[PDB]
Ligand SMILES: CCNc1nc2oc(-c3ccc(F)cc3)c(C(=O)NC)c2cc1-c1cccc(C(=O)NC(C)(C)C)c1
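Below sits a lone chain in structure tokens, taken as the form solved without this ligand.
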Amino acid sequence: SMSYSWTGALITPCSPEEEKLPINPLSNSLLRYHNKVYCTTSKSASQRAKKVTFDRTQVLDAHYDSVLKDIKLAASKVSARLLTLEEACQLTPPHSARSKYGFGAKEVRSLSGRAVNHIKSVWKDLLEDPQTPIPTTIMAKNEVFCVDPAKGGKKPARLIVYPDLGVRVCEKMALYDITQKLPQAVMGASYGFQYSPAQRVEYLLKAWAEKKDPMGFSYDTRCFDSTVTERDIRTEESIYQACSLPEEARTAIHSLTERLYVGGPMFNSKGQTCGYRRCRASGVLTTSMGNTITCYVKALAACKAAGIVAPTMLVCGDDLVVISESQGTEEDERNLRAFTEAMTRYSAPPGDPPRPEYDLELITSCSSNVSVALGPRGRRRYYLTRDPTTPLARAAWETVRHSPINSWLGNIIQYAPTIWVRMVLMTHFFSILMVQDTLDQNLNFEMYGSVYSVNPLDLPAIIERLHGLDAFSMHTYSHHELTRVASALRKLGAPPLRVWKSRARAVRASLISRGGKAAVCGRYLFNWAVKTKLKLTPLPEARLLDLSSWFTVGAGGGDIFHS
């Protein structure tokens, strides 16, 4: 079966689209080479459409059957409940795509206007009708990148496929509690979304250390969502139904599976019939959980089929890392090829073939790698980092074009211990917040496929809680980090790090002059910039923070909100 079929109707924008980074003194102060920064638009939708359209073949075997059997037995210990309409409404992000039925996210969150009566009717229809396909909209995403002439030509827009807001709320009622309990039960420690960045590092470090002779690889599935078959999606349902659920949840989950998850008609923003999908929908509640479970089953089965020795896996949606006992150089290459051949039979063929690596820091997981620096009193501190190019490009865009989602804020939180966050992003955005005089305002941002709301004045407490007090005292960064960061800054025409340090001294002083929480940000976030450093004490606020809702499996398109 083809992942998609197409009518020929265009994938159309639902609003004007800017391709180019605008010139502007605030963004220019971060990076000067605005022409290297671009935003994807519907103009390239057809190029992506071609890429994600292909035939799938799938042949399963004893290895696959055995893993699935184990997974269903584990699921059988889970009990999950329906969410109330009220609960599901509160999980809706404030700027979630508005319904065609005369209400938007604001109405959903306040349980006002047409929203409640409509959602109830949608739910009743899910219970009564398990058959009729539910319409979805396909849209080209607008995402910002830096040109990479080496990797030849700008990236085509990603495509997102999602049903109406009314349906999305129903998905939460049926399946949210499942997203919170099932992945851990069936995949245990292998389930990546339960880990904060620090915990992820700890997990990877432990896995590597417990092998006598570690070899690890990441496996890149070519367009994972398109490789997911109808049978895969029904198998996901069978796993959900293995849990102990009230009949009403069972009914709704089955209807959503058959009407939405397994496939359905796609319409463009103009309402024209655009195509038909027979693969994973990228914008549904179960996209991340489903990808994670299905990737895990195929991967574990492929380890057994290939004879991978002592695999420890880290699975985050379609992102897959496998750490195991090296059997020798040639043997590893052979065994990775066997692993790839099994994955391919399971309908998860590779994009780039996997490569065996023999240093943990060379393993990329969700675009991130492990690095090390020194904390106070010289102890080694391992932490998660990444190439800062895309974060910086987006930071520049979001400086001049405010978005409902502040990727920069997500990057500061996730990568707080990094040199590029500390010297560049923190310096730039605290300066900007003071220019705007909006320091004390909650901002939304995305992280692990979920939306969160954070007041920048709480960053010191949040960072302490997530990364430890040492995140404000790290120094002696790695050669790789120093070089990669300096190269990114030169590439984008941004000031060099030494200039950021001088700027930071002034940002710090300005924050401190304002007193209160601003001065705390000044003292803690910018202690790195001053010659005479302060002795930083544990922040009481750090303990009071309720981060219980942080780091869970997300939603497709990130359509989940915590606050």
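Residue numbers run from 1 along the displayed sequence.
The same protein also has a form deposited with this ligand bound, omitted here; what follows describes it.
- Transferred by C-alpha superposition from where it sits in the entry with it bound, this ligand brings 3 or more atoms within 2.4 Å of the backbone or C-beta atoms, leaving the site blocked.
- The closest heavy atom approach of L320 to this ligand in the entry with it bound falls within 4.5 Å.
- Proximity of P197 to this ligand in the entry with it bound: non-hydrogen atoms within 4.5 Å are present.
- None of the heavy atoms of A305 is located within 4.5 Å of this ligand in the entry with it bound.
- Of the heavy atoms in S365, some are within 4.5 Å of this ligand in the entry with it bound.
- With the partner omitted from this view, the residue of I413, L492, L82, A338 that lies near this ligand in the entry with it bound is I413 [heavy atom within 4.5 Å].
- Out of the listed residues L314, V262, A393, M343, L314 is the one that sits within 4.5 Å of this ligand in the entry with it bound by at least one heavy atom.
- Annotated contact segment (heavy atom within 4.5 Å of this ligand in the entry with it bound): 448-456, selected among 241-249, 448-456, 103-111, 478-486.
- Counting a residue when any of its non-hydrogen atoms is within 4.5 Å of this ligand in the entry with it bound, the one hit in 374-410 is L384.
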